[PDB]
C-alpha cells in the first residue's frame, strides 16, 4: 500500500546542533531508548534511556569502531547501521559488542562532496521497513543515478542493487515505507517521486511533506510506530503518515 498524506508534525526537542540524527528501535520490541549523532562526522553516539532523558540531555556516550559520516544512519535490532567516513564501507555495529560487521558498496559515490543528498551532505541512507533493510546510494558509474541496495539481514550483505534511474540532482532526501521508496524535492517540502522497490517500477507520488523549508538533516521512516522521524535545523520532529 502507498502513502496518501503526511500529518502535522509533533516537535520533541530543539537543540543547538543544526545537523544530526535521532533514532529509535523499529523492531517489534519494548525498547524506549533513543540514539543521537551530531554534526556531519564523528566517532561518538549518545544513547538516551528514554524520551525524558533526551529532553533533559542525560545520555550515555558510546564510542564507535569507525568514524561516521552524514545523517543517514538507522538503528535496527539493537544495531547501528552507518556510513564509515571516507570509505564506501557501511558498518553494522551491535550495541553490546566489539566487532562490527561491514559491507562495501563498490560502485557508490562516497567522497569529494559528490553526495547522494547534498542538503545533508549524505552519501548513504540506511532504511528499515516492513519489506526489508535498504541502503540508498548514488552511482559512482554515472555520478547521478539513485540506487537502493537490498540487504540480507543475517549476513549483512547485498542481495540486489535496484536502479531507480532517478537523478540525485532532483532529490532532496528520502525514506522507505512498506517497500516503496519516497523521494523529496530539492526544497525538501514535497514528495515528488516514488519507486516500488520489489516491483522495480516508478509510481506516482505527489503529496506535501511539510510547510517549513528549514534545512533538513535526517528523514527516516520507523515501521514500529509508522511515523516519519526528522531532524530539521536542530528541531527533532515526528510526522504521522496516512496509508491508502
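Positions refer to the first chain, counted from 1.
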query	finding
Mean C-alpha B-factor comparison - 117-125 and 98-106, higher one	98-106
Residue stretch of maximal mean CA temperature factor, 141-149 vs 88-96	88-96
Deposited CA B-factor, highest of 198, 54, 176, 219	198
Within-chain third of residue 211 by Cα B-factor, per the entry	highest
Residue 236, C-alpha B-factor rank within chain (lowest, middle or highest third)	middle
Residue 44 by Cα B-factor - lowest, middle or highest third of the modelled chain	middle
Residue 184 - which third its CA temperature factor falls in, relative to the rest of the chain	middle
Chain-relative CA temperature factor third for residue 12	highest
